[PDB]
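Residue numbers (my numbering), protein chains in the order written: chain A, 6 to 181; chain B, 2 to 137; chain C, 57 to 190; chain D, 68 to 105; chain E, 13 to 106; chain F, 123 to 257.
All C-beta atoms in this analysis are idealised placements derived from N, C-alpha and C, irrespective of residue type, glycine included.
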Amino acid sequence: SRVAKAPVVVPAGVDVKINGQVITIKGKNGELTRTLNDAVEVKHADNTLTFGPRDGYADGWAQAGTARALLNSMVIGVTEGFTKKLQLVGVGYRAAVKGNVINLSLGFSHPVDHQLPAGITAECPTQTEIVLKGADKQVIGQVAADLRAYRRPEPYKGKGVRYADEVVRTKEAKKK
Amino acid sequence: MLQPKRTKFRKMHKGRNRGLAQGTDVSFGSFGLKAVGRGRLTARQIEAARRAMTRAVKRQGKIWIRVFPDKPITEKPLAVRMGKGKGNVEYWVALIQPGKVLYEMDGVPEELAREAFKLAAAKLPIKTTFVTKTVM
Amino acid sequence: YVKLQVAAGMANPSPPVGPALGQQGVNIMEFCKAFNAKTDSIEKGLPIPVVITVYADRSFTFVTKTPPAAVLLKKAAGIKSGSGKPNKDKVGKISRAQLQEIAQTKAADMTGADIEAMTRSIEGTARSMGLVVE
Amino acid sequence: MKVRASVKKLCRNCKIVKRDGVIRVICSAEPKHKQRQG
Amino acid sequence: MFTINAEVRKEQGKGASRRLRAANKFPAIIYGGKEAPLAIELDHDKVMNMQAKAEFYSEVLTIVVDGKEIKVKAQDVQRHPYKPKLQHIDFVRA
Amino acid sequence: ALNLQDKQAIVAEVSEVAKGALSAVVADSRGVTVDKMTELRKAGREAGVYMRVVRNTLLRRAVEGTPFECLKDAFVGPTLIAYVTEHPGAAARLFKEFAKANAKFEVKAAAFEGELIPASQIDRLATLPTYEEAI
RNA sequence: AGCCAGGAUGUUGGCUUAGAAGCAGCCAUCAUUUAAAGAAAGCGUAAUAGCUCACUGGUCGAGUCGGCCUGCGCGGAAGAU
RNA sequence: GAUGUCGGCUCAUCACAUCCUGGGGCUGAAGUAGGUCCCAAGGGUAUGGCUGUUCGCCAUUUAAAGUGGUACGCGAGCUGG
Ligand SMILES: [Mg+2]
Ligand SMILES: [Mg+2]
Ligand SMILES: [Mg+2]
Ligand SMILES: [Mg+2]
Ligand SMILES: [Mg+2]
Ligand SMILES: [Mg+2]
Ligand SMILES: [Mg+2]
Ligand SMILES: [Mg+2]
Ligand SMILES: [Mg+2]
Ligand SMILES: [Zn+2]
């Protein structure tokens with residue numbers, strides 16, 4: 006509603022293709038496509054995208070808000086781009102990229118090889134740091150969650166795959 | 002625990018509990034806890050609630066109990082057949098009709114009386130509402 | 057960087073100042089004699105507060121502050137220890153002339169603009185320790 | 068997880084959420100505060 | 013100055029009064045003086061918000077019965093046994 | 123919470139001290155500890171300067187009654203006023219040393235003679251000496 | 001609502017304790033500079049530090065907050081061929 | 001004008017309020033091991049001493065030695081303490 010009523014500014018060099026409910030947003034960083042919920046009426050006009058409810062649909066404003074939010078991060082995606090930074094904490098924990106595969110040593114018997122999806126790229130500036138880069142905000146978010154999942158930050162020493170912006174609360178072990 | 006000091010008779014007919022209450026106004030304090038339901042309050046429930054509200058106000062202010070458990074309740078023990086006389090009195094109840102002001106309070110701020118009454122209400126078998134004193 | 061309250065002519069024992077400031081990285085014999093050389097003008101039997109400023113090279117510079125408000129009210133009323141339950145138990149008495157004496161000394165550390173502003177700030181320290189204004 | 072008929076906010080960081088027809092108390096400050104109505 | 017709007021009652025009794033309350037209205041009476049008592053009907057929400065103000069029970073109120081204005085004072089109130097509602101009001105001619 | 127009575131009181135107090143004073147200084151004070159502020163409040167009361175942080179909407183109201191009605195465009199961002207009631211100058215110099223010594227903030231705009239002074243030309247009320255200098 | 005900034009001084013309030021410095025407890029709970037800042041709502045330290053809130057200035061720009069009377073739903077809801 | 005009673009044997013079948021194994025949240029969960037709760041009924045779930053015993057106590061096992069319903073399952077199937 007307050008989100009839906011806020012227009013998304015499509016910059017110069019960004020192509021917007023609307024075929025009914027299907028929206029393709031082309032830019033310098035890539036091309037993303039989304040199908041908007043039937044309750045959303047998306048209007049182009051000028052250098053902006055405006056979202057609003059469709060008559061006869063109950064949750065129209067809730068839907069238009071989501072649609073807006075999604076198309077804004079799509080525009081930011083195909084331009085600026087997204088960056089997720091993870092950092093490995095604990096003895097022996099190491100990582101490296103070999104093309105589209107993140108090899109991870111995380112205290113297991115077998116090393117973990119994580120295959121990356123289409124659009125997400127990774128590079129290791131250190132043996133203990135992973136930097137993800139992509140256009141789709143959901144996919145970069147998904148991949149960063151899956152990498153964290155291998156060894157979620159333990160609460161006794163903070164060991165494991167953590168987000169760079171992560172506040173890992175630690176606690177003392179039982180007394181005696 | 003409330004109970005009559007003496008009684009004309011030991012045992013009482015079951016009776017019925019129809020009608021609306023008498024004594025539906027905050028008549029002594031500033032705040033009251035009114036019954037919205039119909040039912041029997043037992044002397045132990047009356048005490049459980051009185052204890053809960055008293056702790057809550059840290060034994061400051063004044064509390065009134067507008068109900069008295071004057072009805073004797075009998076019960077037949079286990080492994081006893083029907084008949085062979087009316088059972089023995091085991092506990093005492095106060096019949097409650099919708100509208101009865103059960104407890105009154107003053108000498109404490111509204112916010113505290115409300116909390117103290119929330120705590121007492123949890124010990125009672127009938128639905129209650131918070132009530133304030135009125136000008137007529 | 058640590059804050060402490062050491063005596064006018066006493067600075068060296070282990071229980072009050074010893075491993076409290078020594079754990080950071082401050083010289084135990086250099087500060088103890090440089091503090092008592094400057095606080096020599098300060099009267100005997102009066103705790104004087106001092107703030108320590110330490111750098112990366114273990115070096116130190118200190119600025120001496122005026123005696124505390126709860127400290128000067130004890131010698132003005134004639135008491136060694138305060139009341140366990142303030143405003144419930146009275147332990148002494150201080151006049152309006154004694155209130156302005158503590159305030160004129162504390163003027164270097166006080167936030168107040170006028171004499172009446174600094175005096176009311178000492179009035180509050182007296183009430184919270186059991187001492188009554190008489 | 069605490070499963071009970073009466074679910075409430077236990078601190079300021081507690082938040083009441085309804086996930087798939089089930090009232091829940093999700094809390095950012097204390098894991099002990101995590102509740103599901105049931 | 014409290015102003016109450018009222019209509020004269022076209023009906024009386026248990027049946028008719030219960031019908032009023034079901035219709036978010038309530039019966040009331042105006043009595044006192046040489047004049048005959050006047051059975052009236054009041055809007056529940058309007059009088060309920062008024063009577064919340066302490067002044068309602070002390071001040072002289074005006075009841076507007078079909079154009080005519082009646083100066084009264086709240087004599088007695090019959091409240092609902094447990095809900096924050098009004099059953100009846102006795103207005104005395106002031 | 124500030125009521126309207128309270129806001130009308132604050133406009134009155136800063137309208138009275140508007141007429142009386144000679145030189146007024148409007149500056150930013152964001153990201154500065156209270157230790158440094160109580161230190162500029164001591165060096166302000168000494169120099170016969172009135173120091174205050176007033177709501178910019180409430181300032182555009184006290185300043186509408188003339189002559190500071192050109193200090194309007196300086197009521198955007200955090201605003202602190204330095205009203206010199208005793209001897210013109212004092213603050214415009216007290217602030218310049220506080221700004222350079224603390225590095226935080228920039229000092230918005232100054233006012234004297236019922237005229238606007240830009241952020242670059244605040245050297246005019248900074249080089250002015252005493253009253254008390256003509257003898 | 002979010003985001004920027006501050007959240008000070010006397011003072012480490014007094015008593016107690018090896019220490020209690022808003023933050024084991026007990027008692028008091030004022031006063032100053034103030035835009036505002038409890039002699040302190042929680043976590044943290046051996047005690048300090050450090051992190052945040054109550055409160056207030058800025059930004060933003062139009063609504064926002066939660067009690068009352070009520071209709072219909074939700075959880076509470078485990079059993080044997 | 002008759003619906004054979006307790007326990008054992010043999011043979012089972014369902015419920016889940018789960019004893020083990022499986023998944024999972026909190027823990028006053030360092031690990032190992034526990035405590036508590038949620039999901040789950042697929043399979044699996046001692047032999048003996050004493051007593052008619054069911055139970056229970058005891059010995060030694062086991063991943064575990066589940067709780068209940070089935071005319072307190074089962075005598076035109078057996079036993080008869
Ligand atoms: Mg789910
Ligand atoms: Mg009838
Ligand atoms: Mg037969
Ligand atoms: Mg189950
Ligand atoms: Mg339990
Ligand atoms: Mg089974
Ligand atoms: Mg076992
Ligand atoms: Mg049988
Ligand atoms: Mg046979
Ligand atoms: Zn919580």
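Within-9 Å CB hit, residue i to chain E
i: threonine 135 of chain B; result: yes
i: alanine 121 of chain B; result: no
i: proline 126 of chain B; result: no
i: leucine 96 of chain B; result: no
i: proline 110 of chain B; result: no
i: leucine 34 of chain B; result: no
i: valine 81 of chain B; result: no
i: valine 37 of chain B; result: yes
i: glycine 62 of chain B; result: no
Beta carbon of residue i nearer than 9 Å to that of residue j
i: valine 84 of chain E; j: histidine 100 of chain E; result: no
i: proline 126 of chain B; j: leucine 42 of chain B; result: yes
i: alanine 146 of chain F; j: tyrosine 205 of chain F; result: yes
i: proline 96 of chain E; j: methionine 60 of chain E; result: yes
i: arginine 59 of chain A; j: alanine 9 of chain A; result: no
i: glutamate 19 of chain E; j: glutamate 53 of chain E; result: yes
i: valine 139 of chain F; j: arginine 183 of chain F; result: no
i: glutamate 128 of chain A; j: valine 102 of chain A; result: yes
i: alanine 122 of chain B; j: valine 58 of chain B; result: no
i: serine 139 of chain C; j: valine 147 of chain C; result: yes
Any C-beta of chain B under 9 Å from that of residue i
i: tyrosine 69 of chain E; result: yes
i: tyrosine 94 of chain E; result: yes
i: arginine 30 of chain E; result: no
i: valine 72 of chain E; result: no
i: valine 59 of chain E; result: no
i: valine 89 of chain E; result: yes
i: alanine 86 of chain E; result: yes
i: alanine 34 of chain E; result: no
i: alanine 66 of chain E; result: yes
Residue i (DSSP reduced to helix, strand or coil)
i: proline 200 of chain F; result: coil
i: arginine 73 of chain A; result: helix
i: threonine 88 of chain A; result: strand
i: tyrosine 43 of chain E; result: strand
i: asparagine 61 of chain E; result: helix
i: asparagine 17 of chain E; result: strand
i: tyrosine 94 of chain E; result: coil
i: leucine 37 of chain A; result: strand
i: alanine 126 of chain C; result: helix
i: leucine 181 of chain F; result: helix
i: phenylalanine 116 of chain C; result: strand
i: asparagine 89 of chain B; result: strand
Residue i: CB within 8 Å of a non-hydrogen atom of ligand 1
i: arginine 86 of chain D; result: yes
Identified DSSP bridge partners for residue i
i: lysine 85 of chain E; result: E/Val104
i: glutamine 61 of chain C; result: C/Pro105
i: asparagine 24 of chain A; result: A/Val27
i: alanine 154 of chain A; result: Its beta-bridge partners do not exist; DSSP assigns none.
i: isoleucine 135 of chain A; result: A/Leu91
i: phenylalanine 38 of chain E; result: E/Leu54
i: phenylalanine 32 of chain B; result: B/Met106, B/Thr133
heavy atom of ligand 10 below 8 Å from residue i C-beta
i: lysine 69 of chain D; result: no
i: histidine 100 of chain D; result: yes
i: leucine 77 of chain D; result: yes
i: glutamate 134 of chain A; result: no
i: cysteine 94 of chain D; result: yes
i: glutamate 97 of chain D; result: yes
beta-carbon residue i near ligand 2 non-hydrogen atom, thresh 8 Å
i: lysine 26 of chain E; result: yes
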